[PDB]
Structure formats: structure tokens, C-alpha cells
Amino acid sequence: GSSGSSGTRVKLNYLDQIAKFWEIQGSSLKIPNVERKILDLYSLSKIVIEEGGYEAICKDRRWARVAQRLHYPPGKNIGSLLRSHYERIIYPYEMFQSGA
């Protein structure tokens, strides 16, 4: 019949999800500014999960590729930044939203 195309549908679910969790704790959900541009915590997390989880990509120091995926500047200490922001904000959001 008819078809569509992926857009900013789910990309929002991530924000509403991580938010609904933070807004509750007390501290509003804030996004860090990397590369003179807003960070898409949605893409980073998404990719990882796909790659093969956090422990996997982490063990294979794939962080490098995970960063370049978002068209990041190859040369700057980004890998570290990402891994951090994740375990910094995406740490509780995940561990909490893990296991139904």
C-alpha cells in the first residue's frame, strides 16, 4: 500500500525516556556540548547497543569507530569524552532501564 521513512520518531523516545528518569531524581536532564555542537546521546547509545553492547565495544576499544561514526574529527581526544558522558549520565539511565 503505502510506505514512510525513518525520522525523528524514536530519536525522541530516548530523550523522553532518560528524562522521565532524571526529572524524577531531581536533577534536570542536561546535554553536554561537544565539537561546538549538540551531542546526540541518542546516536551514541544506539550505535553501541547495535555494535554489540557496551562491554563488547569497550573491550575492543571500538570507541574510536563509534565516534567516527557520528562524523567526528579524527585526532581529538573524543573517545574518552564519549565513554565518560555515557558512564556519567548514561550510566544510571541504562543500569536502571535494564531488565524488564
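For this entry, the PDB record names solution NMR as the structure determination method.

> Tell me what's going on with the nonpolar core, and back it up with residues and numbers.
Judged by nonpolar contacts, the single largest core of 22 residues is most densely connected at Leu-44, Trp-63 and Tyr-72. If you list the elements that add at least two residues to this core, you get α1 (10-25), α2 (41-51), α3 (54-59), α4 (63-69), α5 (78-88) and α6 (90-96). A total of five residues in this core trace back to one element, the largest contributor, which is α2.

> Give a description of α5 that names residues and reports values.
Three or more residues of α5 are buried, namely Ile-78, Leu-82 and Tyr-86. Buried positions in α5, seen along its axis, are confined to an arc of 70° and lie on one side of it.

> Outline empty space enclosed by the protein, supporting the account with residue identities and numerical values.
Applying the stated rule across the entire model yields two cavities of 30 Å³ or more. Reported here for the largest cavity is a volume of approximately 90 Å³. Considering the residues around the largest cavity, the lining is formed by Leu-29, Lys-30, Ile-31, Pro-32, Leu-39, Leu-41, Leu-44, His-85, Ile-89 and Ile-90. Classifying every residue of the lining of the largest cavity by side-chain character gives eight nonpolar, one polar and one charged. Put simply, the second largest cavity is a space of about 60 Å³. Every residue lining the second largest cavity is listed: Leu-39, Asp-40, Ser-43, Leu-44, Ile-47, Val-66, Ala-67, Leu-70, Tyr-72 and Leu-82. Looking at the lining of the second largest cavity, the elements that each hand over two or more residues are α2 and α4. By residue number, the principal contributor to the lining of the second largest cavity is α2, which donates three residues. Residue composition of the lining of the second largest cavity, by class: eight nonpolar, one polar and one charged.

Calculation rules
Residues numbered from 1 in each chain as written, not as in the entry; some residues may be left out. Heavy atoms only, no water. Core = buried A, V, L, I, M, F, W, Y, C linked by side-chain atoms within 4.5 Å. Buried < 20%, exposed > 50% of the residue type's maximum accessible area, 1.4 Å probe, protein only. Helix = DSSP H or I, 4+ residues; strand = E, 2+ residues; numbered from the N terminus. Arc of directions from axis to C-beta. 1 Å grid on protein atoms, 1.4 Å probe; cavity = no way out; pocket = protein on both sides within 12 Å on 5 of 7 lines; lining within 4 Å. Points joined across faces, edges and corners; volume = space filled by probe spheres on them. Nonpolar A, V, L, I, M, F, W, Y, C, P; charged D, E, K, R; others polar.

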